[PDB]
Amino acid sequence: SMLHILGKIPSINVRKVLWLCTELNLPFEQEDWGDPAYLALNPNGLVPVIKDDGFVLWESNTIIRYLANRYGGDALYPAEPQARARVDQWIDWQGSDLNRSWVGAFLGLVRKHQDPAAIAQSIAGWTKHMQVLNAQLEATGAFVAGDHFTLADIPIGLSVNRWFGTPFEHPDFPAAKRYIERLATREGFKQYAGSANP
């Protein structure tokens, strides 16, 4: 009956959900997933998928929106259309654009994609996206979507954690560094991010 979260902890998309549950003080049961039993839940064969008293849901960014909508307060995921859109914008950018930019460099330098040119190119594309994000963080001076922690800081925070947790010569993005150090005081970030969880 209680919330079940299916998917291995190393998955960044699974940790979006785990960290959100910590923010919400929502109890859960987590299960490692790399099978019809699973495909019955998520026909795409990807992690995470949740079960919430009979309600089955996949897509990590959808799942965090759902848990926020059901259990969370307004600050976490604001109802006002413009404020909500700023939060959605960075969630959607994380899930469709930013996460694609790191593939070669992450799989190559962290997960062991060993072509020097390909890695250099991924770092280049990742850098250009991190450049956009760094500029936003300078502009707010605080969190990704404004002056306080929101749902967007979960996908964005984990993605910045991934950037610093990938071994290469990092270009100076001071605002990104400020941001990750600010998130590091949060219980969920200590558990599901940091160098231990690239």
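Quick note: we count residues from 1 along the sequence shown, nothing fancier.
> What does the record say about the segment between residue 128 and residue 129: how many deposited residues are without coordinates (none, 1 to 3, 4 to 9, 10 or more)?
The entry leaves nothing out here.
> Please say, as none, 1 to 3, 4 to 9, or 10 or more, how many residues of the deposited sequence are without coordinates in the interval between residue 34 and residue 35.
The entry has 4 to 9 unmodelled residues between residue 34 and residue 35.
> Going by the mean C-alpha B-factor recorded in the entry, which is higher: 54-62 or 38-46?
The deposited B-factors put 38-46 ahead on the C-alpha mean.
> Select between 6-14 and 171-179 the stretch whose C-alpha atoms have the higher average B-factor in the entry.
The stretch with the larger mean CA B-factor is 171-179.
> Pick out which of 159, 134, 140, 69 has the highest C-alpha B-factor in the PDB entry.
Highest CA B-factor of the listed options: 140.
> Highest Cα B-factor in the deposition, which of 118, 83, 91, 75?
Checking the PDB record, the top C-alpha B-factor among 118, 83, 91, 75 is at 118.
> Which third, lowest, middle or highest, does the C-alpha temperature factor of residue 87 belong to within its own chain?
For residue 87, whose C-alpha B-factor we compare with every modelled residue in the chain, the answer is the lowest third.
> Compare the C-alpha B factor of residue 165 with those of the other modelled residues in its chain, then answer lowest, middle or highest third.
Middle third of the chain for residue 165's C-alpha B-factor.
> When the deposited Cα B-factors of this chain's modelled residues are ordered and cut into thirds, is residue 79 in the lowest, the middle or the highest one?
For residue 79, whose C-alpha B-factor we compare with every modelled residue in the chain, the answer is the lowest third.
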